[PDB]
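Visitor: pasting the first bit of my complex, frame unchanged:
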Amino acid sequence: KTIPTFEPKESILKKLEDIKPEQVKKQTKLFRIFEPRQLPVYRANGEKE
């Protein structure tokens, strides 16, 4: 009249321990949006300066 035992669940516990800590980010270059460029420049009349 013995009773069956408990079967564990390994697939749930694997999702807890495999959560890595928060990935620390460091930047390597400055966050750039604008860059300088050379354009030709003209006077008030219209000729190239």
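Guide: Yes, it's here. Numbers count the residues shown, from 1 in each chain, chains lettered A, B, ... in the order given.
Visitor: helices or strands next to the helix or strand where residue A:11 lies in the packing?
Guide: Residue A:11 belongs to helix A:10-17 when assigned by DSSP states H and E. Of the remaining helices and strands, none touches helix A:10-17 by 3 or more Cβ pairs under 8 Å, 6 or more residues apart in numbering; DSSP states H and E. C-beta here means a position set from N, CA and C on the backbone, and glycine is covered the same way.
Visitor: List the buried residues in stretch A:33-49.
Guide: Buried residues in stretch A:33-49, counted by 16 or more other Cβ atoms under 10 Å: none are found.
Visitor: quick check, distance from that stretch to the centre of its chain.
Guide: 37 Å (Cα atoms, centre = their mean, to the nearest Å).
Visitor: how close does the most centrally placed residue in chain A sit to residue A:31?
Guide: Nearest to the mean C-alpha position of chain A, by Cα atoms, centre = their mean, lies residue A:25 at 8.3 Å. According to Cβ to Cβ, to the nearest Å, residue A:25 and residue A:31 sit 12 Å apart.
Visitor: Also, this goes in as chain B:
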Amino acid sequence: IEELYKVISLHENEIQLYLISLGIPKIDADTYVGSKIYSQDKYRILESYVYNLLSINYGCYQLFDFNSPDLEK
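Guide: Take a look at chain B, now in place beside the chains above:
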């Protein structure tokens, strides 16, 4: 009766599967198995071969009175 002894020596959950297999309802087998009267039937199958053994009937032994108050004397 050599099959009903084979059933009793199985598991508790394998007696109930056998009784439901024949056609017995669930509340009747679970009143059998739960009351542990499968355990008492080990001592009524094994004693059923004792009264089968020796014969008070034969060609000649049927004529006499075996419970007579002159044989018991």
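Visitor: May I have the phi/psi pair for the residue nearest to the centre of chain A?
Guide: Backbone geometry at residue A:25, expressed as degrees, to the nearest 10, gives phi -110, psi 140.
Visitor: pretty sure residue B:4 contacts residue B:41?
Guide: Yes. Contact status for residue B:4 versus residue B:41: in contact at 7.5 Å, counting by Cβ atoms under 8 Å.
Visitor: Of the two, which one has the most company?
Guide: residue B:41 (14 against 11; other Cβ atoms under 10 Å in any protein chain shown).
Visitor: which non-adjacent residue is nearest the more buried one?
Guide: Spatial nearest neighbour of residue B:41, chain neighbours left out: residue B:8 (5.9 Å); criterion: Cβ to Cβ, 6 or more residues apart in numbering or on different chains.
Visitor: That's all I had, so thanks and see you.
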